[PDB]
Amino acid sequence: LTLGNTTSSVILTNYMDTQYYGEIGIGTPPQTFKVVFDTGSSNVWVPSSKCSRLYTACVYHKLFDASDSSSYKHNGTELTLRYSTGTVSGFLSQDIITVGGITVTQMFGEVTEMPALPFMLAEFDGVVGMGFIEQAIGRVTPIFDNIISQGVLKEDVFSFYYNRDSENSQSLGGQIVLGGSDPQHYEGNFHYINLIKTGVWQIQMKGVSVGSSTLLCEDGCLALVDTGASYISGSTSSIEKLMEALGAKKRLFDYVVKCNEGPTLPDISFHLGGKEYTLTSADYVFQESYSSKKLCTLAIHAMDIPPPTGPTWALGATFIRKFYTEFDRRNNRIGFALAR
Ligand SMILES: CC(C)[C@H](C[C@H](O)[C@@H](N)CN1CC(=O)N(c2ccccc2Cl)CC1(C)C)C(=O)NCC(C)(C)C(N)=O
Ligand SMILES: *[C@@H]1O[C@H](CO)[C@@H](O)[C@H](O)[C@H]1NC(C)=O
């Protein structure tokens with residue numbers, strides 16, 4: 001592990017507080033893509049030009065055309081990434097990728113199959129896994145791992161900043177610091193919690209409480225920080241409990257409450273690493289109205305991650321929006337500091 005004296009930031013655009021993506025360049029000349037940086041997975045893919053136009057998701061997204069890159073290097077091994085919400089498939093390809101000014105030779109997947117649901121709802125073109133190599137499908141080396149290998153980053157860590165406001169443009173949707181963290185988006189001190197098992201940004205969850213009582217997971221559970229997840233999530237069971245206390249009316253893909261009821265919803269604290277990270281209703285309730293005739297969805301819902309990783313709580317944007325997060329690959333730890 002060689003540490004340099006560099007840092008690199010990636011400006012992120014905030015889409016409806018559910019999607020945060022930056023741009024990256026691939027091939028020569030560079031072909032730009034909108035990608036979400038996902039600590040949940042570990043691979044890199046962008047929709048490929050060799051993707052049938054019968055997949056409408058490919059018709060609506062930028063497509064990488066290896067035939068246009070002079071730096072491209074063929075591989076072709078079949079690849080499939082099975083996320084808990086959708087799946088993509090294609091083949092491995094190598095080319096130069098430019099991220100935050102940094103340039104690195106990277107092996108990535110060219111997707112030739114992306115189902116309309118959920119990808120037609122994706123404002124980004126692809127993903128950049130920030131997970132560990134151990135979880136990389138096809139044993140493909142994670143982009144960050146390769147970067148670290150250049151011996152230029154200051155620390156074997158990267159931080160995430162997600163802005164609340166999604167509507168303003170003049171402001172920055174978010175920021176990722178490769179090689180450290182940015183003191184301008186957090187205040188106070190960082191409080192760490194080591195990873196449980198290596199190869200996964202997952203940690204011990206000593207309990208989730210909904211306001212008054214500690215009505216959830218008294219025996220403990222795990223929380224996986226997914227900077228590529230729109231919301232916070234618990235096992236279908238746990239959430240039926242958590243919502244019950246909120247009085248949310250469960251629907252097909254989420255829970256809602258009458259808009260008037262929104263403000264008077266109780267806080268929700270996650271006990272992590274010996275600290276209570278509490279959220280107020282305003283932090284997990286898409287207000288958007290105050291009428292009792294209207295419905296307002298919650299930035300929280302059920303999602304059961306299959307084993308070996310699951311079951312587990314997933315802390316996504318809804319959590320990172322309030323708590324600036326540092327990922328420490330050096331000490332298998334995750335720091336949480338109050339965003340600013
Ligand atoms: C384990 C789980 C937390 C993890 C979750 C996963 O990273 C997601 N955040 C990825 N995401 C799921 C999703 O629905 N995303 C999404 C968000 C809004 C609109 C459309 C989409 Cl497609 C974003 C992405 C980044 C595509 C997972 O399913 N990993 C796959 C696997 C387990 C195979 C792995 N590679 O480790
Ligand atoms: C793809 O890369 C892997 C890893 O180095 C290599 O073993 C494989 O042969 C490559 N694909 C081919 C056959 O070109």
# chains A, B, ... in the order shown; residues from 1 in each chain; ligands from 1
>>> residues_around(residues="residue 326 of chain A", least_positions_apart="6", cutoff="8 Å", atoms="only C-alpha atoms", output="count of residues only")
9
>>> select_by_dssp(residues="segment 143-326 of chain A", states="strand (DSSP E or B)", output="PyMOL selection string")
chain A and resi 153+157-162+174-178+180+186-195+202-209+216+221-225+232-234+249-250+255-258+268-272+275-279+285+295-298+300-302+313-315+323-326
>>> residues_near_ligand(ligand="ligand 2", cutoff="10 Å", atoms="only C-alpha atoms and all ligand atoms", output="ChimeraX atom specification")
/A:73-78,91-94,107,138-141
>>> closest_residue(among="A:10, A:272, A:24, A:99", to="residue 203 of chain A", atoms="only C-alpha atoms")
A:272
>>> residues_near_ligand(ligand="ligand 1", cutoff="7 Å", atoms="only C-alpha atoms and all ligand atoms", output="PyMOL selection string")
chain A and resi 18-19+36-43+81-86+118-119+121-122+127+135-137+224+226-230+305+309+314
>>> write_last_selection(atoms="N, CA and C atoms", output="compact mmCIF listing (two decimals), in the first residue's frame")
# COMPACT_ATOMS: atom_id res chain seq x y z
N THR A 18 -32.97 10.92 -4.46
CA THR A 18 -32.97 9.47 -4.56
C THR A 18 -31.83 8.97 -5.43
N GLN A 19 -31.25 9.86 -6.23
CA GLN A 19 -30.14 9.46 -7.08
C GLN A 19 -29.04 10.51 -7.10
N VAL A 36 -23.66 6.28 -10.59
CA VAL A 36 -23.85 6.47 -9.17
C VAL A 36 -22.71 5.67 -8.57
N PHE A 37 -22.10 6.19 -7.50
CA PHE A 37 -21.01 5.49 -6.86
C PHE A 37 -21.65 4.67 -5.77
N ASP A 38 -21.64 3.35 -5.98
CA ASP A 38 -22.29 2.38 -5.11
C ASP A 38 -21.39 1.59 -4.17
N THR A 39 -21.47 1.89 -2.87
CA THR A 39 -20.67 1.16 -1.89
C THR A 39 -21.30 -0.21 -1.67
N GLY A 40 -22.45 -0.44 -2.30
CA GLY A 40 -23.15 -1.70 -2.14
C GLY A 40 -22.57 -2.83 -2.98
N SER A 41 -22.11 -2.51 -4.19
CA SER A 41 -21.54 -3.51 -5.07
C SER A 41 -20.08 -3.15 -5.32
N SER A 42 -19.39 -3.92 -6.16
CA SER A 42 -17.97 -3.67 -6.39
C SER A 42 -17.53 -3.64 -7.85
N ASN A 43 -18.46 -3.75 -8.77
CA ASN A 43 -18.08 -3.74 -10.17
C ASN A 43 -18.34 -2.40 -10.84
N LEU A 81 -24.65 -8.97 -12.85
CA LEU A 81 -24.71 -8.35 -11.52
C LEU A 81 -26.14 -8.40 -10.99
N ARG A 82 -26.34 -9.16 -9.92
CA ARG A 82 -27.67 -9.30 -9.35
C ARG A 82 -27.85 -8.46 -8.09
N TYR A 83 -28.40 -7.27 -8.29
CA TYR A 83 -28.67 -6.35 -7.20
C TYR A 83 -30.00 -6.82 -6.60
N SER A 84 -30.27 -6.41 -5.36
CA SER A 84 -31.51 -6.78 -4.67
C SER A 84 -32.73 -6.12 -5.29
N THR A 85 -32.52 -5.20 -6.22
CA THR A 85 -33.64 -4.51 -6.84
C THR A 85 -33.73 -4.69 -8.35
N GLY A 86 -32.67 -5.20 -8.96
CA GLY A 86 -32.67 -5.37 -10.39
C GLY A 86 -31.43 -6.08 -10.84
N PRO A 118 -35.80 -1.75 -12.97
CA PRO A 118 -35.87 -0.35 -12.54
C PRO A 118 -35.11 0.70 -13.37
N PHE A 119 -34.23 0.25 -14.27
CA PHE A 119 -33.39 1.18 -15.02
C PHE A 119 -33.99 2.25 -15.89
N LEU A 121 -36.08 4.06 -14.74
CA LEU A 121 -36.32 5.09 -13.76
C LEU A 121 -35.01 5.68 -13.27
N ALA A 122 -33.92 5.20 -13.84
CA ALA A 122 -32.59 5.66 -13.49
C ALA A 122 -32.17 6.87 -14.31
N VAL A 127 -23.11 2.32 -12.98
CA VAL A 127 -22.65 2.23 -11.60
C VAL A 127 -21.13 2.10 -11.49
N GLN A 135 -16.33 -8.94 -3.03
CA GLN A 135 -17.70 -9.01 -3.52
C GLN A 135 -17.81 -8.66 -4.99
N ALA A 136 -16.68 -8.61 -5.67
CA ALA A 136 -16.69 -8.29 -7.09
C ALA A 136 -17.05 -9.52 -7.90
N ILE A 137 -18.08 -9.39 -8.73
CA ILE A 137 -18.49 -10.50 -9.58
C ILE A 137 -17.48 -10.63 -10.73
N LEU A 224 -25.78 -2.07 6.52
CA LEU A 224 -24.86 -1.96 5.40
C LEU A 224 -25.05 -0.56 4.83
N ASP A 226 -25.06 1.84 2.13
CA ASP A 226 -25.15 1.79 0.66
C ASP A 226 -25.28 3.19 0.07
N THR A 227 -24.17 3.81 -0.28
CA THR A 227 -24.19 5.15 -0.85
C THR A 227 -24.88 5.11 -2.23
N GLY A 228 -25.37 3.93 -2.61
CA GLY A 228 -26.02 3.78 -3.89
C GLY A 228 -27.47 3.40 -3.72
N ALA A 229 -27.96 3.55 -2.49
CA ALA A 229 -29.33 3.23 -2.14
C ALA A 229 -30.08 4.53 -1.82
N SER A 230 -31.28 4.67 -2.36
CA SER A 230 -32.08 5.86 -2.17
C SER A 230 -32.55 6.08 -0.75
N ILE A 305 -32.33 -8.18 1.86
CA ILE A 305 -31.12 -8.54 1.15
C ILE A 305 -30.88 -10.02 1.43
N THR A 309 -24.95 -11.74 2.60
CA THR A 309 -24.90 -10.38 3.13
C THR A 309 -26.08 -10.07 4.04
N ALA A 314 -30.09 -1.39 5.45
CA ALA A 314 -29.25 -0.70 4.46
C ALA A 314 -29.42 0.76 4.77
>>> closest_residue(among="A:4, A:13, A:333, A:183", to="residue 149 of chain A", atoms="only C-alpha atoms")
A:4
>>> select_by_dssp(residues="segment 100-140 of chain A", states="helix (DSSP H, G or I)", output="MDAnalysis selection string")
chainID A and resid 116:119 133:135
>>> write_last_selection(atoms="N, CA, C and O atoms", output="PDB file, in the first residue's frame")
ATOM      1  N   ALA A 116     -36.204  -2.579 -18.219  1.00  0.00           N
ATOM      2  CA  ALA A 116     -36.896  -1.310 -18.090  1.00  0.00           C
ATOM      3  C   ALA A 116     -37.126  -1.002 -16.608  1.00  0.00           C
ATOM      4  O   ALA A 116     -36.870   0.109 -16.158  1.00  0.00           O
ATOM      5  N   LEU A 117     -37.612  -1.977 -15.848  1.00  0.00           N
ATOM      6  CA  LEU A 117     -37.784  -1.761 -14.418  1.00  0.00           C
ATOM      7  C   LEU A 117     -36.588  -2.462 -13.787  1.00  0.00           C
ATOM      8  O   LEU A 117     -36.364  -3.641 -14.023  1.00  0.00           O
ATOM      9  N   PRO A 118     -35.800  -1.750 -12.974  1.00  0.00           N
ATOM     10  CA  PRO A 118     -35.867  -0.352 -12.537  1.00  0.00           C
ATOM     11  C   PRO A 118     -35.112   0.697 -13.374  1.00  0.00           C
ATOM     12  O   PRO A 118     -35.333   1.902 -13.207  1.00  0.00           O
ATOM     13  N   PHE A 119     -34.235   0.251 -14.265  1.00  0.00           N
ATOM     14  CA  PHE A 119     -33.393   1.175 -15.024  1.00  0.00           C
ATOM     15  C   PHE A 119     -33.986   2.248 -15.892  1.00  0.00           C
ATOM     16  O   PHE A 119     -33.282   3.174 -16.289  1.00  0.00           O
ATOM     17  N   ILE A 133     -13.180  -5.878  -3.161  1.00  0.00           N
ATOM     18  CA  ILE A 133     -12.928  -6.844  -4.224  1.00  0.00           C
ATOM     19  C   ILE A 133     -13.577  -8.193  -3.943  1.00  0.00           C
ATOM     20  O   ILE A 133     -14.053  -8.865  -4.856  1.00  0.00           O
ATOM     21  N   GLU A 134     -13.599  -8.584  -2.675  1.00  0.00           N
ATOM     22  CA  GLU A 134     -14.192  -9.856  -2.281  1.00  0.00           C
ATOM     23  C   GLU A 134     -15.620 -10.045  -2.797  1.00  0.00           C
ATOM     24  O   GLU A 134     -16.064 -11.175  -2.980  1.00  0.00           O
ATOM     25  N   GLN A 135     -16.329  -8.941  -3.034  1.00  0.00           N
ATOM     26  CA  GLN A 135     -17.703  -9.005  -3.518  1.00  0.00           C
ATOM     27  C   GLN A 135     -17.811  -8.656  -4.994  1.00  0.00           C
ATOM     28  O   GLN A 135     -18.896  -8.443  -5.516  1.00  0.00           O
TER      29      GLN A 135
END
>>> residues_around(residues="residue 103 of chain A", least_positions_apart="2", cutoff="10 Å", atoms="only C-alpha atoms", output="number ranges by chain")
A: 24-26, 96-101, 105-106, 147, 150
>>> residues_around(residues="residue 56 of chain A", least_positions_apart="4", cutoff="8 Å", atoms="only C-alpha atoms", output="ChimeraX atom specification")
/A:60,115-116,120
>>> residues_around(residues="residue 300 of chain A", least_positions_apart="2", cutoff="7 Å", atoms="only C-alpha atoms", output="ChimeraX atom specification")
/A:231-233,284,298
>>> write_last_selection(atoms="N, CA and C atoms", output="PDB file, in the first residue's frame")
ATOM      1  N   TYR A 231     -32.908   4.995  -0.084  1.00  0.00           N
ATOM      2  CA  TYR A 231     -33.432   5.116   1.269  1.00  0.00           C
ATOM      3  C   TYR A 231     -32.727   4.253   2.301  1.00  0.00           C
ATOM      4  N   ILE A 232     -33.332   4.214   3.478  1.00  0.00           N
ATOM      5  CA  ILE A 232     -32.867   3.396   4.576  1.00  0.00           C
ATOM      6  C   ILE A 232     -33.796   2.193   4.443  1.00  0.00           C
ATOM      7  N   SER A 233     -33.348   1.008   4.846  1.00  0.00           N
ATOM      8  CA  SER A 233     -34.229  -0.149   4.732  1.00  0.00           C
ATOM      9  C   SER A 233     -33.992  -1.209   5.789  1.00  0.00           C
ATOM     10  N   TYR A 284     -36.840  11.951   7.037  1.00  0.00           N
ATOM     11  CA  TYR A 284     -37.234  10.750   6.311  1.00  0.00           C
ATOM     12  C   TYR A 284     -38.632  10.822   5.702  1.00  0.00           C
ATOM     13  N   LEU A 298     -42.553   7.653   2.491  1.00  0.00           N
ATOM     14  CA  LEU A 298     -41.458   7.723   3.443  1.00  0.00           C
ATOM     15  C   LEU A 298     -40.133   7.322   2.797  1.00  0.00           C
TER      16      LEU A 298
END
>>> atom_distance(atom1="atom CA of residue 63 of chain A", atom2="atom CA of residue 128 of chain A")
15.4 Å
>>> closest_residue(among="A:213, A:191, A:320, A:241", to="residue 274 of chain A", atoms="only C-alpha atoms")
A:191
>>> atom_distance(atom1="atom CA of residue 126 of chain A", atom2="atom CA of residue 34 of chain A")
6.3 Å
>>> closest_residue(among="A:17, A:276, A:5, A:125", to="residue 35 of chain A", atoms="only C-alpha atoms")
A:125
>>> closest_residue(among="A:281, A:8, A:166, A:204", to="residue 220 of chain A", atoms="only C-alpha atoms")
A:204
>>> atom_distance(atom1="atom CA of residue 319 of chain A", atom2="atom CA of residue 200 of chain A")
18.0 Å
>>> residues_around(residues="residue 310 of chain A", least_positions_apart="2", cutoff="10 Å", atoms="only C-alpha atoms", output="PyMOL selection string")
chain A and resi 221-224+235+303-308+312-314
>>> write_last_selection(atoms="N, CA and C atoms", output="PDB file, in the first residue's frame")
ATOM      1  N   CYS A 221     -28.440  -6.341  15.024  1.00  0.00           N
ATOM      2  CA  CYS A 221     -28.604  -6.617  13.603  1.00  0.00           C
ATOM      3  C   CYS A 221     -27.429  -5.976  12.886  1.00  0.00           C
ATOM      4  N   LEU A 222     -27.453  -5.984  11.562  1.00  0.00           N
ATOM      5  CA  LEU A 222     -26.359  -5.374  10.840  1.00  0.00           C
ATOM      6  C   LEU A 222     -26.897  -4.243   9.989  1.00  0.00           C
ATOM      7  N   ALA A 223     -26.027  -3.289   9.689  1.00  0.00           N
ATOM      8  CA  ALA A 223     -26.390  -2.163   8.851  1.00  0.00           C
ATOM      9  C   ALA A 223     -25.334  -2.071   7.764  1.00  0.00           C
ATOM     10  N   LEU A 224     -25.778  -2.074   6.517  1.00  0.00           N
ATOM     11  CA  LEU A 224     -24.859  -1.957   5.401  1.00  0.00           C
ATOM     12  C   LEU A 224     -25.047  -0.561   4.826  1.00  0.00           C
ATOM     13  N   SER A 235     -35.587  -5.295   7.297  1.00  0.00           N
ATOM     14  CA  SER A 235     -36.219  -6.530   6.827  1.00  0.00           C
ATOM     15  C   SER A 235     -37.713  -6.282   6.767  1.00  0.00           C
ATOM     16  N   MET A 303     -36.990  -4.195   2.503  1.00  0.00           N
ATOM     17  CA  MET A 303     -36.142  -4.745   1.462  1.00  0.00           C
ATOM     18  C   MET A 303     -35.292  -5.805   2.140  1.00  0.00           C
ATOM     19  N   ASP A 304     -35.474  -7.054   1.735  1.00  0.00           N
ATOM     20  CA  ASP A 304     -34.704  -8.140   2.311  1.00  0.00           C
ATOM     21  C   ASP A 304     -33.537  -8.561   1.432  1.00  0.00           C
ATOM     22  N   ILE A 305     -32.335  -8.182   1.857  1.00  0.00           N
ATOM     23  CA  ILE A 305     -31.121  -8.536   1.151  1.00  0.00           C
ATOM     24  C   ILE A 305     -30.881 -10.016   1.426  1.00  0.00           C
ATOM     25  N   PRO A 306     -30.789 -10.834   0.369  1.00  0.00           N
ATOM     26  CA  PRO A 306     -30.555 -12.271   0.581  1.00  0.00           C
ATOM     27  C   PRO A 306     -29.233 -12.540   1.296  1.00  0.00           C
ATOM     28  N   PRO A 307     -29.081 -13.740   1.874  1.00  0.00           N
ATOM     29  CA  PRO A 307     -27.799 -14.006   2.534  1.00  0.00           C
ATOM     30  C   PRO A 307     -26.871 -14.245   1.338  1.00  0.00           C
ATOM     31  N   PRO A 308     -25.556 -14.302   1.550  1.00  0.00           N
ATOM     32  CA  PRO A 308     -24.777 -14.177   2.784  1.00  0.00           C
ATOM     33  C   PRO A 308     -24.719 -12.772   3.405  1.00  0.00           C
ATOM     34  N   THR A 312     -30.187  -7.624   6.583  1.00  0.00           N
ATOM     35  CA  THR A 312     -29.487  -6.456   7.084  1.00  0.00           C
ATOM     36  C   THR A 312     -30.228  -5.162   6.771  1.00  0.00           C
ATOM     37  N   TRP A 313     -29.952  -4.145   7.581  1.00  0.00           N
ATOM     38  CA  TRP A 313     -30.521  -2.829   7.359  1.00  0.00           C
ATOM     39  C   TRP A 313     -29.561  -2.193   6.354  1.00  0.00           C
ATOM     40  N   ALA A 314     -30.091  -1.386   5.448  1.00  0.00           N
ATOM     41  CA  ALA A 314     -29.253  -0.704   4.464  1.00  0.00           C
ATOM     42  C   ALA A 314     -29.423   0.762   4.773  1.00  0.00           C
TER      43      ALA A 314
END
>>> closest_residue(among="A:46, A:66, A:176, A:152", to="residue 110 of chain A", atoms="only C-alpha atoms")
A:46
